[PDB]
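Beneath this line is the structure, given in structure tokens, with notes to follow.
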Amino acid sequence: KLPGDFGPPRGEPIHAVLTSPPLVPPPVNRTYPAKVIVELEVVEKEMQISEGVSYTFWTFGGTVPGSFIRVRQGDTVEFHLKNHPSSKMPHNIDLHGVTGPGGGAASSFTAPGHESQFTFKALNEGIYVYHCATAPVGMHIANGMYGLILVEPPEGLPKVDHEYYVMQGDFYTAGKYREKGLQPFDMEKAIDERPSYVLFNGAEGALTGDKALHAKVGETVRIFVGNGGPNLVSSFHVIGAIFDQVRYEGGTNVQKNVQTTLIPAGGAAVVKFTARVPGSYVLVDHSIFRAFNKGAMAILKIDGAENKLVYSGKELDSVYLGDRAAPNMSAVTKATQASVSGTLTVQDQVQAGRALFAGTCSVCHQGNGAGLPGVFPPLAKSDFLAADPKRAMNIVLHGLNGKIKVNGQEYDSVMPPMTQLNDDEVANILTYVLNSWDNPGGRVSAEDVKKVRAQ
Amino acid sequence: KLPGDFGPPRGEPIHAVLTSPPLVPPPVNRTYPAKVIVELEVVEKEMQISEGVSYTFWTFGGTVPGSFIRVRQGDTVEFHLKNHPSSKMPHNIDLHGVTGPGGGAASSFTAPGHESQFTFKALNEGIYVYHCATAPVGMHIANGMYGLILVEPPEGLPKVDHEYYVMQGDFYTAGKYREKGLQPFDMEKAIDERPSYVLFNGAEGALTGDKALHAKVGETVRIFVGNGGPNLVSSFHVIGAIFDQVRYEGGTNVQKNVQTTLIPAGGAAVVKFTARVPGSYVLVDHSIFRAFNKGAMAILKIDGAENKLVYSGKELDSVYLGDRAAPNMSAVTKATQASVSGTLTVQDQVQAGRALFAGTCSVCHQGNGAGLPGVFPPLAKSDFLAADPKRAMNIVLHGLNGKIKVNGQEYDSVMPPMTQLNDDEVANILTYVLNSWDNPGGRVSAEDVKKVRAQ
Amino acid sequence: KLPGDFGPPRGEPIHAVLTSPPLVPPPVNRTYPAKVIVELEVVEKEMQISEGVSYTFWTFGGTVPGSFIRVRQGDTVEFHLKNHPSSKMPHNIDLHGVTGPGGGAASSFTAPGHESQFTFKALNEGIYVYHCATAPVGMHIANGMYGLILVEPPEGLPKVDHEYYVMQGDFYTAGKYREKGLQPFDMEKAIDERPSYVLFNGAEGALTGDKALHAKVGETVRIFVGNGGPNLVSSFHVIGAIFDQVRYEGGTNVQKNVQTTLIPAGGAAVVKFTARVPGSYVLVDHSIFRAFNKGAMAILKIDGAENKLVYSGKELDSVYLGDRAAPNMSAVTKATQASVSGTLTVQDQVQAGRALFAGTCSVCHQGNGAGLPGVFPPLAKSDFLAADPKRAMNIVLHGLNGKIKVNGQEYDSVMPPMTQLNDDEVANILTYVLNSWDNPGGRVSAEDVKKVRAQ
Ligand code: HEC
Ligand code: HEC
Ligand code: HEC
Ligand SMILES: [Cu+2]
Ligand SMILES: [Cu+2]
Ligand SMILES: [Cu+2]
Ligand SMILES: [Cu+2]
Ligand SMILES: [Cu+2]
Ligand SMILES: [Cu+2]
């Protein structure tokens, strides 16, 4: 008498409601086992992985992660996979939580333009990763082919104010982080488990600024958190808060009151958060260079009244979140498109630089370029800058140390090199600086920086 | 009054029954503390890490992982380590679960041709890794020097139908994955934690195809799962099933109903599985490139009657498991030996290619080379191939995209590059294709591919 | 009615007692919520990361990890951060366990020579990592900016005989492991998560030999264990013992009786150990190349009476712990300083080599250089060595195999290459060998080895 033994399906078959991230379908709200028909379509498509950076994703339902599936333990699921005729590759599916070889893989093999089906009973309650299972499996997963299926316990999950859907992935581009253009998959980097981006929901900034998740003080938030991998294990953490509960897959064990929790590659967890004070709460992989150098940050923004007895501090700003504190970086997308078309203006560069200056430069030189006299020199009306604007390229790329004088004040400090900035980025930041705070104007081009880097 | 306080040893000393993977000794089936004499011998020996790839392993008892040791909490263990006189290195042992400095290491130091002993009381119930503890410790572990010791609780573990022994390891060869010949240990790759192979039980295919583990529908299977490392943490997972229970070392905590669980480097767990429906269940490290590009897959094959109410799908096939869906790849071993002896025939190559074509090429071009008209072009009687057979080398190594015509049908798709295939592999796959499905015949050599790669 | 609801602060404000690793402040020993004033100062400073290897650390309170903070759940904490005027960078703080955006980060932003404050209520009991939150966050963390804050439950933790403070970190130097001199931060290695050192408490040997932690047989030891990262997840393990209990952050779950446990990047745990038999117990990251090739080993030394019924073996020695079995390696620091000043004598080299020979060479050739006739050849009065002393450089760097004769005995074995040793190390070890056991004398210089490596 297997687990999930709740009887044959009753009533009429139900068409599963699938939702796109970061949203989840309604709770099933039923007390009997059903036949649930799931229809999921694979689409291969270019999308923006970062501003001005395109990638050819392979997707379940048009999104990364793929559509969220929600059924009840004991349901019989008739699973239809369609492969869009525009696809170049064959695809299939392995759903964790399926009891059967391959989790569906052999019977769901689907060539472009075709459809397949298989039927399984959902014996196991829990939150589960599903992903493509087509050789080379790692390429298909790295291209975005993963999502979550929730198999509810028979009584349903406890009611909460909000449910969200967040899934980490590691991505492997031929180009470096934030190198612009259409970036191919990089098999070498993937085999070595050296990702160029580590992301929530398939893109840089997918869940930051104006795309943050929302709740209010006093409300409960449940997040279904997946780790599609392919390779990385997430040190999954919420900055400035705690999880009331963390439950992995369909495990009997529930951990309560933790802030940092390890999600295996291919793993999934349900976490619960209670909003206590207003502000922005950051979901990160706390393997910190992923969070702050490769894109692995998401925001849950809580609105409501401050409570100074609990926290007197200010909201998250660019000192910590860097260039993602702002609503968006659309100016970088505009500038990159303008360079492609050969139509790049000084103002395109100024606006792109403005977005990129936040955190990256403002932490020391300030948002207004004033610096701090004798500690951090000014960029606003800087004589040192105006004397030799082109030297700024070497300063950004290779740093500056030693005694210098700026606006009649001596400095003897260290600006670290910032060699990871791409040529266009250095060009744009510097064009912004040159055209702000009554500086001389002019501009630096991507090709100017390339030549200096090449020295 | 220390834990495991069950009295002085009683009766006569017992000689421990040690077993080679994937098998385990009988349950001790006793109710009193004994003196248990363990005799374990270190042997350094070349073995096949993959087809036609040899490696000089250092082993406890002739195998990787080493012999399984099984005692009862409260036993006094008199541990004898012998180092075979053919050994070049000194060796010793640290058993997790030992209470004492080094877990035995200082007193078990054993030069080639010598023997050592130390005595310890097994105070701690649990499943524990043991490994060599001889500087450079990481080299000794990376060479295969690890195994499991089970310290039973006093009542014994619950009875199950089968017990098996599976242990993950990361391996570091100078050559790339599947590069043939005797491969040295690569210290650089090891320090960087960049393994070339990630394996269960010391070899590719050690537990796949005809070497799978077995059980029947309705039966319980306990697996003692170790992670010898040296470096990697396993996202340990069973495809298409769930673990009833996962228990780490001798921990009081037992997790129930999970599919994916993180095993630390040097860690060990006891997992329980109940067979529900027939087919092949894959144990993997779900850091996916390990599982599908570096060897980290093992099979538990369940025989019995299908249950279409639980799973209507087909058994695991080469679309998912690739070239390990088949019983074995002995043809690759034969072809590699033939190249060594200068006796390599066309048929040796054809049979080696046949083994390697499964998954790697058949996912798109099909097992019969028919492809799918207008979506994947045919390899069977392909005019495009016959027009310029040597171009096939560039197609496999560097991919093909753009408009082409094959057997009177237009294609406009993408075949990704497969540059990770070694020269012999490309040669053999192509010789198989050229000599199948009424294609022109002939052959490609490893040296032909080398020259094209070198372009 | 939030967690930690124990009332407004009562009594007078308390000035927090902060302690430097590996020590912890006294238990708060109180039954009422207080206002606790914390004053923590950031200092940037060069320290020795290894013998003769300097690094510019950025520190909370002058140490890595930073000062330990100890408060009670329900306390109101008024947190003052001062940035020393000698600092070149701005700094701030995110304390895990804070309920509020950034964990303090925006309001604690502090330029060199300035001070900031924010107030928070400690609602969440547990052990928590705190770290700098200043862009580039990963650089600041990698430079040493992390520590632990304990928020006690209201009843206090159970009494133990000793409390200690241990925190892992991964470090990224431009130079290789044990390459001497002032080593810059290496951003490339950090982004790739390829550390050169992995350390407890900010240095090689910080907690080994004469800097070990101590307890006696029968005593309980609690260790507050942090993982500052920035990037690595620790397979945290105690060699030759077991943890009675492991509790992560403020989690409700407590695991009992485990030896190996995974600590997320940014995570923290409280572990408990009961001393049973005397000797040295090694805390390691069991991703083994970290422990034995990158510095990740710490010692808890237990004094008291042997108990041969539990463990008959000898204390940890250089076969396992290598060059850290000894009290210290101060001779290496002396020799490195002498080379800097151009004052390096033969004896400076001999004493430095002596320290480095332990484990690295003695495992095979023995502490007395006698070797083992016919198995490992002698270094003591070695004719083979004396015939061509300079050949020894190639033997250490590239290994030796094949038939050789030494002191009238034939050998046919393998000495692996040791290419990871730095030029000064090879020079010093060889100068030690040449000047010991009635060998001919003379010396090898760092520049001699460089030239041979360069071949
Ligand atoms: C703190 C860590 C800094 C960050 C981040 C950035 N800069 Fe910087 N900068 C900093 C210091 C301490 C100095 C003086 C170095 C010395 O030798 O004492 C500088 C210097 C400059 C200059 C030249 C001086 C001037 O015109 O004020 C320029 C043009 C400059 N810095 C620009 C710049 C930009 C564009 C940055 C972001 C990309 C940036 N700096 C980051 C400290 C810090
Ligand atoms: C799908 C992902 C494929 C896999 C895996 C392999 N091949 Fe392929 N191949 C595929 C496509 C879509 C195409 C057409 C590309 C285009 O420009 O439209 C091809 C082409 C070939 C050819 C040439 C055409 C022909 O003779 O049919 C050859 C000889 C070929 N492919 C061989 C080949 C081999 C040996 C493979 C395994 C090693 C292999 N292909 C993998 C799709 C896919
Ligand atoms: C065991 C793993 C060894 C370690 C660690 C080191 N040495 Fe070694 N050494 C070893 C062997 C088996 C041999 C003989 C190799 C053969 O071809 O049979 C050697 C040889 C030498 C020699 C030359 C012979 C002699 O003078 O005895 C020298 C000078 C030597 N080894 C030095 C040396 C040093 C300095 C080491 C530490 C840095 C060292 N060896 C490590 C085995 C092993
Ligand atoms: Cu796919
Ligand atoms: Cu999976
Ligand atoms: Cu060994
Ligand atoms: Cu160990
Ligand atoms: Cu800082
Ligand atoms: Cu943090």
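Naming works like this for the structure tokens: A, B, ... for the chains as they're shown, residue 1 at the start of each chain, ligands 1 onward in shown order.
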Got a sec to check which residues lie within 7 Å of ligand 9, using only C-alpha atoms and all ligand atoms, and send them as a PyMOL selection string?
(chain A and resi 239+286) or (chain C and resi 94+96+129-131+266)
Taking only C-alpha atoms into account, find every residue of chain A that has an atom no more than 8 Å from chain C, and write it out as a tab-separated table (two decimals) with C-alpha atoms, in the first residue's frame.
```tsv
chain	number	residue	atom	x	y	z
A	194	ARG	CA	33.37	28.17	-13.57
A	235	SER	CA	24.71	29.14	0.33
A	239	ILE	CA	20.27	39.64	4.24
A	240	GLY	CA	18.76	41.41	7.23
A	241	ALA	CA	16.19	38.81	8.08
A	242	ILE	CA	15.69	35.17	9.06
A	255	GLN	CA	14.44	23.62	10.20
A	256	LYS	CA	13.19	26.77	11.95
A	257	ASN	CA	14.94	30.10	12.58
A	258	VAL	CA	17.89	30.03	10.23
A	259	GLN	CA	19.34	32.68	7.95
A	260	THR	CA	21.79	30.72	5.75
A	261	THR	CA	20.98	27.29	4.24
A	262	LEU	CA	22.72	25.05	1.69
A	276	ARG	CA	8.83	42.76	10.61
A	277	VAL	CA	10.26	46.12	9.52
A	278	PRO	CA	10.23	47.92	6.20
A	279	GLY	CA	12.98	47.88	3.62
A	280	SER	CA	14.72	45.69	1.09
A	281	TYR	CA	15.72	42.11	1.98
A	282	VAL	CA	18.26	40.49	-0.27
A	286	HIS	CA	26.42	33.82	0.20
A	287	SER	CA	29.41	32.40	-1.72
A	288	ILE	CA	29.88	36.14	-1.94
A	289	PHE	CA	31.52	36.66	-5.33
A	290	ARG	CA	28.46	35.05	-6.86
A	292	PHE	CA	28.10	40.65	-5.74
A	293	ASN	CA	30.20	39.94	-8.85
A	308	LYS	CA	12.85	52.28	15.54
A	309	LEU	CA	12.75	50.08	18.65
A	310	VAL	CA	13.65	47.09	16.39
A	311	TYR	CA	15.83	48.81	13.77
A	312	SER	CA	16.86	52.47	13.60
A	313	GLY	CA	18.90	52.11	10.40
A	314	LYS	CA	18.30	53.29	6.87
A	315	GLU	CA	17.15	51.30	3.83
A	316	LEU	CA	19.59	49.35	1.67
A	317	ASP	CA	21.60	51.63	-0.63
A	319	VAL	CA	27.11	51.06	-0.88
A	320	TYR	CA	25.97	47.41	-0.46
A	321	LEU	CA	23.81	46.61	-3.45
A	322	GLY	CA	25.93	48.64	-5.86
A	359	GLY	CA	28.37	51.77	-5.94
A	360	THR	CA	31.25	50.94	-8.30
A	363	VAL	CA	31.25	54.40	-2.53
A	364	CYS	CA	34.45	56.42	-2.39
A	375	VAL	CA	40.66	60.98	2.22
A	413	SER	CA	46.09	56.55	-0.58
A	414	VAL	CA	45.12	53.62	-2.78
```
Do you know which residues are at most 12 Å from region 337-344 of chain B counting only C-alpha atoms, after dropping those on the same chain fewer than 3 positions away, and could you put them as a ChimeraX atom specification?
/B:51-54,180-182,330-334,347-352,424,427-428,443-447
Quick one: write out the picked residues with N, CA and C atoms as a PDB file, in the first residue's frame?
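Heads up, here's the output in selection.pdb:
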```pdb
ATOM      1  N   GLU B  51      37.433   2.975 -20.078  1.00  0.00           N
ATOM      2  CA  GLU B  51      37.847   2.050 -21.159  1.00  0.00           C
ATOM      3  C   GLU B  51      39.123   2.562 -21.828  1.00  0.00           C
ATOM      4  N   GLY B  52      40.156   1.719 -21.784  1.00  0.00           N
ATOM      5  CA  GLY B  52      41.454   2.058 -22.333  1.00  0.00           C
ATOM      6  C   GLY B  52      42.235   3.119 -21.594  1.00  0.00           C
ATOM      7  N   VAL B  53      41.790   3.484 -20.380  1.00  0.00           N
ATOM      8  CA  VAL B  53      42.472   4.459 -19.543  1.00  0.00           C
ATOM      9  C   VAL B  53      42.895   3.760 -18.237  1.00  0.00           C
ATOM     10  N   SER B  54      44.199   3.630 -18.015  1.00  0.00           N
ATOM     11  CA  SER B  54      44.748   3.019 -16.813  1.00  0.00           C
ATOM     12  C   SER B  54      45.188   4.091 -15.835  1.00  0.00           C
ATOM     13  N   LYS B 180      43.249   8.315 -23.628  1.00  0.00           N
ATOM     14  CA  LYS B 180      43.627   6.933 -23.413  1.00  0.00           C
ATOM     15  C   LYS B 180      45.066   6.829 -22.942  1.00  0.00           C
ATOM     16  N   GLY B 181      45.377   5.699 -22.318  1.00  0.00           N
ATOM     17  CA  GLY B 181      46.709   5.394 -21.856  1.00  0.00           C
ATOM     18  C   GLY B 181      46.830   5.412 -20.353  1.00  0.00           C
ATOM     19  N   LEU B 182      48.049   5.225 -19.862  1.00  0.00           N
ATOM     20  CA  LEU B 182      48.293   5.239 -18.420  1.00  0.00           C
ATOM     21  C   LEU B 182      48.383   6.685 -18.001  1.00  0.00           C
ATOM     22  N   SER B 330      32.975  -2.560 -23.856  1.00  0.00           N
ATOM     23  CA  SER B 330      34.194  -3.355 -24.019  1.00  0.00           C
ATOM     24  C   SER B 330      34.899  -3.151 -25.374  1.00  0.00           C
ATOM     25  N   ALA B 331      34.137  -2.781 -26.401  1.00  0.00           N
ATOM     26  CA  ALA B 331      34.703  -2.526 -27.736  1.00  0.00           C
ATOM     27  C   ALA B 331      35.684  -1.372 -27.726  1.00  0.00           C
ATOM     28  N   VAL B 332      35.487  -0.410 -26.819  1.00  0.00           N
ATOM     29  CA  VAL B 332      36.394   0.707 -26.751  1.00  0.00           C
ATOM     30  C   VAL B 332      37.736   0.265 -26.164  1.00  0.00           C
ATOM     31  N   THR B 333      37.687  -0.639 -25.194  1.00  0.00           N
ATOM     32  CA  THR B 333      38.870  -1.201 -24.576  1.00  0.00           C
ATOM     33  C   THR B 333      39.648  -1.988 -25.636  1.00  0.00           C
ATOM     34  N   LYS B 334      38.936  -2.786 -26.426  1.00  0.00           N
ATOM     35  CA  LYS B 334      39.538  -3.615 -27.509  1.00  0.00           C
ATOM     36  C   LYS B 334      40.223  -2.760 -28.560  1.00  0.00           C
ATOM     37  N   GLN B 347      37.085  -2.947 -38.324  1.00  0.00           N
ATOM     38  CA  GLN B 347      35.980  -3.476 -37.507  1.00  0.00           C
ATOM     39  C   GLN B 347      36.153  -3.153 -36.030  1.00  0.00           C
ATOM     40  N   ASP B 348      37.400  -3.120 -35.561  1.00  0.00           N
ATOM     41  CA  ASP B 348      37.695  -2.704 -34.190  1.00  0.00           C
ATOM     42  C   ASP B 348      37.134  -1.299 -34.022  1.00  0.00           C
ATOM     43  N   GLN B 349      37.443  -0.430 -34.982  1.00  0.00           N
ATOM     44  CA  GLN B 349      36.961   0.952 -34.951  1.00  0.00           C
ATOM     45  C   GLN B 349      35.434   1.036 -35.034  1.00  0.00           C
ATOM     46  N   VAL B 350      34.830   0.260 -35.934  1.00  0.00           N
ATOM     47  CA  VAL B 350      33.374   0.238 -36.090  1.00  0.00           C
ATOM     48  C   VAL B 350      32.631  -0.130 -34.793  1.00  0.00           C
ATOM     49  N   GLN B 351      33.126  -1.144 -34.099  1.00  0.00           N
ATOM     50  CA  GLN B 351      32.514  -1.600 -32.863  1.00  0.00           C
ATOM     51  C   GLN B 351      32.735  -0.580 -31.730  1.00  0.00           C
ATOM     52  N   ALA B 352      33.911   0.034 -31.678  1.00  0.00           N
ATOM     53  CA  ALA B 352      34.186   1.096 -30.691  1.00  0.00           C
ATOM     54  C   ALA B 352      33.297   2.309 -30.943  1.00  0.00           C
ATOM     55  N   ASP B 424      40.825   9.704 -30.924  1.00  0.00           N
ATOM     56  CA  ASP B 424      40.444   8.316 -31.195  1.00  0.00           C
ATOM     57  C   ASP B 424      38.932   8.162 -31.232  1.00  0.00           C
ATOM     58  N   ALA B 427      37.520   9.515 -34.454  1.00  0.00           N
ATOM     59  CA  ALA B 427      37.951   8.576 -35.513  1.00  0.00           C
ATOM     60  C   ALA B 427      37.052   7.350 -35.525  1.00  0.00           C
ATOM     61  N   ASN B 428      36.812   6.793 -34.340  1.00  0.00           N
ATOM     62  CA  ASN B 428      36.023   5.598 -34.215  1.00  0.00           C
ATOM     63  C   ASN B 428      34.541   5.816 -34.524  1.00  0.00           C
ATOM     64  N   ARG B 443      37.775   4.560 -43.573  1.00  0.00           N
ATOM     65  CA  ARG B 443      37.981   4.875 -42.162  1.00  0.00           C
ATOM     66  C   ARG B 443      38.706   6.196 -41.869  1.00  0.00           C
ATOM     67  N   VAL B 444      38.432   6.748 -40.678  1.00  0.00           N
ATOM     68  CA  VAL B 444      39.140   7.921 -40.173  1.00  0.00           C
ATOM     69  C   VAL B 444      40.066   7.425 -39.067  1.00  0.00           C
ATOM     70  N   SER B 445      41.278   7.953 -39.005  1.00  0.00           N
ATOM     71  CA  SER B 445      42.217   7.531 -37.973  1.00  0.00           C
ATOM     72  C   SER B 445      42.319   8.606 -36.914  1.00  0.00           C
ATOM     73  N   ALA B 446      42.801   8.207 -35.743  1.00  0.00           N
ATOM     74  CA  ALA B 446      43.088   9.161 -34.663  1.00  0.00           C
ATOM     75  C   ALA B 446      44.012  10.275 -35.159  1.00  0.00           C
ATOM     76  N   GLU B 447      45.011   9.902 -35.957  1.00  0.00           N
ATOM     77  CA  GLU B 447      45.969  10.907 -36.474  1.00  0.00           C
ATOM     78  C   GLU B 447      45.341  11.866 -37.498  1.00  0.00           C
TER      79      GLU B 447
END
```
As a ChimeraX atom specification, please: every residue in region 224-422 of chain B that DSSP puts in helix (DSSP H, G or I).
/B:288-293,318-324,330-341,346-357,362-365,383-387,391-398
Skip residue 72 (chain B) itself and residues of its chain fewer than 6 positions away, then list as a list in words all residues within 9 Å of it, counting only C-alpha atoms.
residues 28, 30, 32, 33, 34, 122, 125, 150, 151, 152, 153, 154 and 156 of chain B
Test item: residues lying within 8 Å of ligand 3 with only C-alpha atoms and all ligand atoms, as a PyMOL selection string:
(chain B and resi 88-90+135-136) or (chain C and resi 357+359-365+371+375-380+382-386+389+391-392+395-396+399-406+411-416+418+426+429-430+433)
